[PDB]
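Enquirer: Below is the file structure_6.txt, which contains compact mmCIF, C-alpha atoms (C1' of nucleotides).
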```txt
# COMPACT_ATOMS: atom_id res chain seq x y z
CA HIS A 1 86.17 82.99 87.83
CA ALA A 2 84.93 85.19 90.64
CA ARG A 3 86.08 87.89 93.03
CA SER A 4 84.70 89.65 96.08
CA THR A 5 87.75 91.62 97.28
CA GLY A 6 91.24 90.90 96.01
CA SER A 7 94.48 92.66 95.09
CA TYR A 8 95.20 96.07 93.57
CA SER A 9 97.64 97.57 91.11
CA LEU A 10 100.44 99.94 92.01
CA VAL A 11 100.16 103.06 89.85
CA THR A 12 96.41 103.48 89.83
CA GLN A 13 94.48 101.88 92.67
CA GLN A 14 92.40 99.69 90.35
CA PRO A 15 91.98 95.93 90.71
CA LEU A 16 94.01 93.68 88.46
CA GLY A 17 92.68 91.71 85.50
CA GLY A 18 92.72 88.04 84.64
CA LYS A 19 91.81 84.79 86.32
CA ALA A 20 95.22 83.83 87.68
CA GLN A 21 95.97 87.18 89.21
CA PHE A 22 92.76 87.26 91.22
CA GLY A 23 91.13 89.96 89.17
CA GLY A 24 87.86 91.72 88.50
CA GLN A 25 86.11 92.17 85.19
CA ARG A 26 86.58 95.14 82.87
CA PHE A 27 83.35 97.11 83.20
CA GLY A 28 84.37 98.95 80.07
CA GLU A 29 83.36 102.08 78.20
CA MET A 30 80.34 100.80 76.26
CA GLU A 31 78.77 99.51 79.45
CA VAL A 32 79.07 103.02 80.87
CA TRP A 33 77.19 104.27 77.81
CA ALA A 34 74.57 101.62 78.56
CA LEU A 35 74.14 102.70 82.17
CA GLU A 36 73.87 106.31 81.07
CA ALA A 37 71.19 105.17 78.63
CA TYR A 38 68.99 104.02 81.48
CA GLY A 39 68.19 106.35 84.29
CA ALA A 40 70.82 104.62 86.37
CA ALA A 41 72.81 107.15 88.36
CA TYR A 42 73.89 105.69 91.70
CA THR A 43 74.91 102.35 90.17
CA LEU A 44 77.27 104.18 87.85
CA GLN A 45 78.71 105.90 90.92
CA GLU A 46 79.44 102.57 92.61
CA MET A 47 80.93 101.05 89.46
CA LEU A 48 83.13 104.14 89.11
CA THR A 49 84.13 105.02 92.62
CA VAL A 50 83.24 102.68 95.47
CA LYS A 51 84.24 99.46 93.74
CA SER A 52 87.58 100.94 92.64
CA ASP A 53 89.98 103.92 92.89
CA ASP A 54 88.55 105.50 96.05
CA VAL A 55 90.66 104.01 98.83
CA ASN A 56 89.01 105.47 101.92
CA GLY A 57 85.63 105.15 100.22
CA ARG A 58 85.99 101.44 99.62
CA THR A 59 87.34 100.56 103.07
CA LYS A 60 84.54 102.61 104.62
CA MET A 61 82.08 100.72 102.41
CA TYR A 62 83.47 97.33 103.44
CA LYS A 63 83.31 98.14 107.16
CA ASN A 64 79.86 99.60 106.61
CA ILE A 65 78.58 96.42 104.96
CA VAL A 66 79.98 94.19 107.72
CA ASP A 67 78.31 96.47 110.27
CA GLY A 68 75.02 95.96 108.41
CA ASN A 69 74.35 99.52 107.20
CA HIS A 70 73.98 100.15 103.47
CA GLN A 71 75.29 103.68 103.00
CA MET A 72 78.01 104.92 100.71
CA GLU A 73 80.75 107.53 100.85
CA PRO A 74 81.40 109.16 97.46
CA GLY A 75 84.93 110.55 97.72
CA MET A 76 87.10 111.15 94.64
CA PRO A 77 89.00 108.66 92.47
CA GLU A 78 92.74 108.35 92.89
CA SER A 79 93.25 107.91 89.14
CA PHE A 80 91.96 111.44 88.57
CA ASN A 81 94.62 112.75 90.93
CA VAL A 82 97.10 110.70 88.91
CA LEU A 83 95.85 112.49 85.78
CA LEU A 84 96.35 115.84 87.50
CA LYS A 85 99.85 114.94 88.61
CA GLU A 86 100.99 114.02 85.12
CA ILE A 87 99.40 117.02 83.51
CA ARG A 88 101.28 119.15 86.05
CA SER A 89 104.45 117.30 85.02
CA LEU A 90 104.14 119.21 81.77
CA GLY A 91 104.05 122.98 81.77
CA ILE A 92 100.31 123.06 82.33
CA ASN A 93 98.81 124.61 85.43
CA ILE A 94 95.58 122.80 86.24
CA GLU A 95 93.77 123.16 89.54
CA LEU A 96 90.31 122.91 91.03
CA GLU A 97 88.40 126.07 91.84
CA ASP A 98 86.45 126.60 95.08
CA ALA B 1 58.37 88.62 96.76
CA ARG B 2 57.64 91.17 94.04
CA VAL B 3 58.00 90.96 90.26
CA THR B 4 56.25 94.02 88.85
CA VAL B 5 56.93 97.71 89.42
CA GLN B 6 54.00 99.37 87.44
CA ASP B 7 51.70 99.64 90.47
CA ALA B 8 53.96 102.38 91.88
CA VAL B 9 54.82 104.42 88.76
CA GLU B 10 51.08 105.03 88.35
CA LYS B 11 50.91 106.17 92.01
CA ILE B 12 54.04 108.31 92.51
CA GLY B 13 54.88 110.61 89.58
CA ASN B 14 57.57 109.02 87.43
CA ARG B 15 60.22 106.28 87.46
CA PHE B 16 62.68 108.64 89.16
CA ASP B 17 60.82 109.96 92.18
CA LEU B 18 60.07 106.32 93.00
CA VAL B 19 63.78 105.52 93.37
CA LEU B 20 64.57 108.40 95.74
CA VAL B 21 61.37 108.11 97.80
CA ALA B 22 61.57 104.35 98.24
CA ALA B 23 65.31 104.47 98.95
CA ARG B 24 64.71 107.12 101.63
CA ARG B 25 61.88 105.08 103.18
CA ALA B 26 63.95 101.89 103.18
CA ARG B 27 66.95 103.70 104.63
CA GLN B 28 64.98 105.08 107.55
CA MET B 29 63.28 101.70 108.01
CA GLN B 30 66.45 99.60 108.01
CA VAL B 31 68.80 101.58 110.24
CA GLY B 32 66.77 104.30 111.97
CA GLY B 33 64.64 101.63 113.60
CA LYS B 34 61.04 102.33 112.66
CA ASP B 35 58.31 99.77 112.42
CA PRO B 36 56.71 99.06 109.03
CA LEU B 37 53.04 99.71 108.40
CA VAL B 38 51.99 96.64 106.40
CA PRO B 39 53.30 93.34 107.83
CA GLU B 40 56.49 91.78 106.55
CA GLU B 41 56.59 88.44 104.78
CA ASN B 42 60.28 87.78 105.54
CA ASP B 43 61.34 90.03 102.67
CA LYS B 44 64.04 92.68 102.50
CA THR B 45 63.45 96.39 103.06
CA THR B 46 63.41 97.40 99.38
CA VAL B 47 60.43 95.18 98.61
CA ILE B 48 58.45 96.21 101.69
CA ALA B 49 59.24 99.84 100.82
CA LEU B 50 57.85 99.36 97.32
CA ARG B 51 54.78 97.65 98.82
CA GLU B 52 54.10 100.59 101.13
CA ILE B 53 54.54 102.88 98.11
CA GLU B 54 52.15 101.00 95.82
CA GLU B 55 49.40 100.63 98.40
CA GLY B 56 49.52 104.36 99.11
CA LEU B 57 50.68 104.97 102.67
CA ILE B 58 54.18 106.37 101.98
CA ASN B 59 54.69 109.45 99.81
CA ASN B 60 57.21 112.29 99.59
CA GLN B 61 54.82 114.85 101.07
CA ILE B 62 53.87 112.28 103.73
CA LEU B 63 57.55 111.57 104.46
CA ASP B 64 58.33 115.25 104.96
CA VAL B 65 55.22 115.73 107.13
CA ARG B 66 56.13 112.78 109.36
CA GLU B 67 59.78 113.84 109.59
CA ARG B 68 58.82 117.43 110.46
CA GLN B 69 56.37 116.15 113.09
CA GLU B 70 58.75 113.74 114.81
CA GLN B 71 61.66 116.19 114.63
CA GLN B 72 59.51 118.94 116.17
CA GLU B 73 58.55 116.42 118.86
CA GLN B 74 62.27 115.67 119.34
CA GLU B 75 63.30 119.30 119.86
CA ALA B 76 60.21 119.86 122.01
CA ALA B 77 61.18 116.84 124.13
CA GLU B 78 64.73 118.08 124.59
CA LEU B 79 63.37 121.52 125.49
CA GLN B 80 61.30 119.63 128.08
CA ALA B 81 64.56 118.06 129.24
CA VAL B 82 66.16 121.53 129.48
CA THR B 83 63.20 122.77 131.54
CA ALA B 84 63.55 119.67 133.74
CA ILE B 85 67.21 120.62 134.25
CA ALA B 86 66.01 124.13 135.16
CA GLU B 87 63.59 122.58 137.67
CA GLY B 88 66.43 120.49 139.11
CA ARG B 89 68.84 123.41 139.50
CA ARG B 90 66.59 125.94 141.24
CA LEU C 1 129.76 149.26 140.07
CA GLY C 2 128.41 148.32 136.65
CA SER C 3 124.95 146.84 137.40
CA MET C 4 124.37 146.62 133.63
CA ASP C 5 121.76 143.85 133.72
CA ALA C 6 118.33 144.19 132.11
CA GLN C 7 116.53 142.00 134.67
CA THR C 8 117.99 144.04 137.56
CA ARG C 9 116.70 147.37 136.24
CA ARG C 10 113.42 145.70 135.28
CA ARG C 11 113.01 144.52 138.89
CA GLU C 12 113.88 148.07 139.98
CA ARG C 13 111.15 149.26 137.58
CA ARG C 14 108.63 147.03 139.39
CA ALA C 15 109.90 147.89 142.89
CA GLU C 16 106.43 149.20 143.82
CA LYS C 17 105.04 145.72 143.08
CA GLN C 18 107.46 143.99 145.46
CA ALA C 19 106.91 146.80 147.97
CA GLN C 20 103.12 146.38 147.96
CA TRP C 21 103.04 142.57 147.76
CA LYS C 22 105.71 141.74 150.37
CA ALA C 23 103.83 143.42 153.24
CA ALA C 24 104.01 140.57 155.81
CA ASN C 25 105.14 138.14 153.10
CA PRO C 26 108.45 136.34 152.48
CA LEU C 27 110.83 137.45 149.74
CA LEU C 28 112.02 134.34 147.84
CA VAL C 29 112.39 130.58 148.28
CA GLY C 30 114.86 129.35 145.66
CA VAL C 31 116.57 125.98 145.99
CA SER C 32 120.05 125.32 144.58
CA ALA C 33 121.87 122.16 143.53
CA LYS C 34 122.83 119.82 146.33
CA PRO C 35 126.12 117.91 146.84
CA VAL C 36 124.24 114.60 147.30
CA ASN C 37 124.15 113.96 143.53
CA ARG C 38 127.87 114.84 143.15
CA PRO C 39 130.52 112.10 143.51
CA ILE C 40 133.63 113.66 145.02
CA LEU C 41 135.78 110.61 144.01
CA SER C 42 138.55 111.79 146.34
CA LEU C 43 139.67 108.55 147.99
CA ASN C 44 143.26 108.54 146.65
CA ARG C 45 145.06 110.35 143.83
CA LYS C 46 148.67 110.16 145.09
CA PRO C 47 149.59 107.12 142.91
CA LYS C 48 147.64 108.88 140.12
CA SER C 49 150.77 110.66 138.93
CA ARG C 50 151.11 112.71 135.77
CA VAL C 51 154.47 111.23 134.75
CA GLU C 52 153.17 107.72 135.41
CA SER C 53 150.27 108.43 133.06
CA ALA C 54 152.88 109.81 130.65
CA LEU C 55 154.78 106.51 130.69
CA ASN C 56 151.49 104.56 130.78
CA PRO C 57 148.53 105.97 128.81
CA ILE C 58 145.31 104.07 128.16
CA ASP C 59 145.25 101.23 125.65
CA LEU C 60 142.80 99.58 123.25
CA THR C 61 145.24 97.93 120.83
CA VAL C 62 143.76 94.50 121.65
CA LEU C 63 140.35 95.93 120.70
CA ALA C 64 141.69 96.94 117.28
CA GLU C 65 143.30 93.52 116.78
CA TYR C 66 140.04 91.79 117.77
CA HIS C 67 137.98 93.98 115.44
CA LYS C 68 140.43 93.40 112.57
CA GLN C 69 140.23 89.65 113.24
CA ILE C 70 136.41 89.73 113.08
CA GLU C 71 136.54 91.77 109.85
CA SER C 72 139.10 89.46 108.21
CA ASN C 73 137.25 86.25 109.12
CA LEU C 74 133.91 87.65 107.94
CA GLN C 75 135.49 88.91 104.71
CA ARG C 76 136.96 85.46 104.00
CA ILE C 77 133.64 83.67 104.62
CA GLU C 78 131.57 86.14 102.60
CA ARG C 79 134.12 86.13 99.76
CA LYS C 80 133.90 82.33 99.57
CA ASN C 81 130.09 82.38 99.59
CA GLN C 82 129.95 85.10 96.92
CA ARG C 83 132.57 83.11 94.99
CA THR C 84 130.65 79.82 94.78
CA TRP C 85 127.11 81.21 94.55
CA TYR C 86 127.43 83.74 91.70
CA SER C 87 129.80 81.74 89.52
CA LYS C 88 129.79 81.91 85.73
CA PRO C 89 128.69 78.83 83.76
CA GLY C 90 131.00 77.82 80.95
CA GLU C 91 130.57 77.48 77.17
CA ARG C 92 127.07 75.99 77.33
CA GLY C 93 125.09 78.39 79.47
CA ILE C 94 122.58 78.14 82.28
CA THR C 95 121.68 74.47 82.41
CA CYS C 96 118.28 75.03 84.09
CA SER C 97 115.58 77.69 84.40
CA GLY C 98 113.88 79.54 87.21
CA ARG C 99 110.19 79.00 86.33
CA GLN C 100 108.90 80.76 89.46
CA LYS C 101 105.31 82.05 89.30
CA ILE C 102 103.07 83.67 91.92
CA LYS C 103 99.28 83.42 91.77
CA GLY C 104 96.64 85.56 93.48
CA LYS C 105 94.57 85.35 96.65
CA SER C 106 91.27 86.67 98.03
CA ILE C 107 92.33 89.33 100.54
CA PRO C 108 89.59 91.18 102.47
CA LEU C 109 90.08 94.80 103.50
CA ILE C 110 88.59 95.34 106.93
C1' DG D 1 104.77 145.28 35.65
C1' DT D 2 102.08 143.57 40.32
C1' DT D 3 98.04 141.42 42.94
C1' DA D 4 94.68 138.36 44.20
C1' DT D 5 93.62 133.25 43.28
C1' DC D 6 94.00 128.06 42.04
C1' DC D 7 96.29 124.17 42.37
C1' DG D 8 99.74 120.36 43.58
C1' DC D 9 102.88 118.54 47.49
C1' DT D 10 103.66 117.17 52.07
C1' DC D 11 102.30 115.77 56.51
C1' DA D 12 99.49 114.80 61.21
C1' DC D 13 95.68 111.60 62.75
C1' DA D 14 92.32 107.66 63.05
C1' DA D 15 90.93 102.69 62.48
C1' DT D 16 85.51 97.74 67.77
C1' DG D 17 85.22 95.53 72.28
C1' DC D 18 86.40 91.74 75.85
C1' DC D 19 88.63 87.27 77.49
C1' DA D 20 91.94 83.58 78.48
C1' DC D 21 96.70 81.37 77.81
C1' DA D 22 102.02 81.31 76.72
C1' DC D 23 107.12 83.51 76.84
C1' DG D 24 110.22 87.85 76.70
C1' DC D 25 111.91 92.36 79.42
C1' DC D 26 120.94 94.19 76.94
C1' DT D 27 126.31 94.68 77.49
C1' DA D 28 132.37 96.43 75.16
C1' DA D 29 134.31 99.34 77.83
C1' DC D 30 135.10 103.08 82.25
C1' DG D 31 135.84 102.90 87.62
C1' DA D 32 136.97 99.00 91.49
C1' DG D 33 139.10 93.98 93.63
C1' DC D 34 142.82 90.38 94.43
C1' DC D 35 146.81 89.19 94.60
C1' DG D 36 149.50 85.98 91.03
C1' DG D 37 153.85 86.55 89.36
```
Show me the file's structure as structure tokens.
Expert:
Amino acid sequence: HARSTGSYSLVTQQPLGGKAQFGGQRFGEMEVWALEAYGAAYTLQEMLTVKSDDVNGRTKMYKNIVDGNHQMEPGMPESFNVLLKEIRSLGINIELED
Amino acid sequence: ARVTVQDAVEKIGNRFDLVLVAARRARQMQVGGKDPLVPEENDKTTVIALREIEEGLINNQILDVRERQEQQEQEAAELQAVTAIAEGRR
Amino acid sequence: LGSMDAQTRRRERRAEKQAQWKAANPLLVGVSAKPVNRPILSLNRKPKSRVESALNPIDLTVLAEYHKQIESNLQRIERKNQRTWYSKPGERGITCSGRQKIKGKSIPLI
DNA sequence: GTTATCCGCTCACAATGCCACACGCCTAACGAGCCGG
């Protein structure tokens, strides 16, 4: 089973899982420990942000690949804003300084 | 092609300056449109960047010296354009 | 004898401006509305009597009958369709099953 | 006495990762609808 660019879920903007629903693999927690254990820094940033959960980042990346320029645009993951919006649903002020 | 890396880590400092310096060299070679020093062998830009690192013609000091020189030439050339505009007005 | 307008006394406040500026200059060119874009519609109103409009007002009863006919026919057809499409199966249950499944595709994002 | 401790009872909180597959995700009675008897 393979995937280049497929569908996305509703709540968080992650790709789905499974073969039938045309999904991507779960690059799980222990693999993040493994990439931290090397000196790998940018590759962890792509596997966390450009490949999923940054909407404008990933469409900018796709257009940028088709144009033939390998850059990246970091952005900020939509799932973190989800986390903020359901901590604010409790009585907990939480913001970002500066 | 290229298999090894250890000819560069003994030339540049560590395994982490090599990443940033060779990525910067390959980024200005791919898109900025500069011609490579050693000849290509129908390889990508990462491998020819690592080749120019390990032979010893691209380095972080050398990158900043070349960028300062060509940028100073760029602002000097556009000052020459401004003086040409001043010649054309009066 | 009132002259209790704010714009009038404000123009009288700036009377030196219109005294200095209008030296060999015109005063105002202000166009009004023209009767070209006004239909007079005054060909005949003598048979247009008030008591004849009293005996004969306007009428859209046929419009209401037509609209009621459309509503009644559409209600009958939609009641029959919602009668024989959402019926209840009896004593045995749903004799089939839906089984519908949707797979995935490879959708680019340019 | 009264005070500073020791001990037994009760209760919140944790228990790998990934994959496929597959089938499941209300209703007896309170506000409307039709028109028969």
Enquirer: Kindly provide the residues of chain C that approach chain A to within 7 Å, each paired with its closest atom pair and their distance in Å to one decimal, based on only C-alpha atoms, listed by chain and increasing number, as JSON lines.
Expert:
```
{"residue": "C:103", "atom": "CA", "partner": "A:21", "partner_atom": "CA", "distance": 5.6}
{"residue": "C:104", "atom": "CA", "partner": "A:21", "partner_atom": "CA", "distance": 4.6}
{"residue": "C:105", "atom": "CA", "partner": "A:22", "partner_atom": "CA", "distance": 6.0}
{"residue": "C:106", "atom": "CA", "partner": "A:6", "partner_atom": "CA", "distance": 4.7}
{"residue": "C:107", "atom": "CA", "partner": "A:6", "partner_atom": "CA", "distance": 4.9}
{"residue": "C:108", "atom": "CA", "partner": "A:5", "partner_atom": "CA", "distance": 5.5}
{"residue": "C:109", "atom": "CA", "partner": "A:59", "partner_atom": "CA", "distance": 6.4}
{"residue": "C:110", "atom": "CA", "partner": "A:63", "partner_atom": "CA", "distance": 6.0}
```
Enquirer: If we count all atoms listed in the file, what is near residue 62 (chain B) at a cut-off of 12 Å, once residues fewer than 5 positions away on the same chain are taken out, given as a count of residues only?
Expert: 10
Enquirer: Looking at only C-alpha atoms (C1' of nucleotides), which of A:50, A:33, A:26, A:13 is the one that sits closest to chain D?
Expert: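 The answer is A:26, which sits nearest to chain D.
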Enquirer: What is the distance between CA of residue 41 (chain A) and CA of residue 5 (chain B), in Å to one decimal?
Expert: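 Computing the Euclidean distance for CA of residue 41 (chain A) and CA of residue 5 (chain B) yields 18.5 Å.
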Enquirer: Hey, which of A:47, A:72, A:10, A:82 ends up closest to chain B? Count all atoms listed in the file.
Expert: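 The closest residue to chain B is A:72.
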Enquirer: Find the residues around residue 53 (chain A) up to 6 Å (all atoms listed in the file counted), leave out those fewer than 3 positions away in its own chain, and share them as a tab-separated table (two decimals) with C-alpha atoms, in the coordinates of the input.
Expert:
```
chain	number	residue	atom	x	y	z
A	13	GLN	CA	94.48	101.88	92.67
A	14	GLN	CA	92.40	99.69	90.35
A	49	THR	CA	84.13	105.02	92.62
A	77	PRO	CA	89.00	108.66	92.47
A	78	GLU	CA	92.74	108.35	92.89
```
Enquirer: Please determine the contact residues of chain D with respect to chain C at a cut-off of 12 Å, counting only C-alpha atoms (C1' of nucleotides), and supply them as a VMD selection string.
Expert: chain D and resid 23 33 to 34
Enquirer: Suppose you want the space between CA of residue 100 (chain C) and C1' of residue 25 (chain D); what is it in Å?
Expert: 15.6 Å
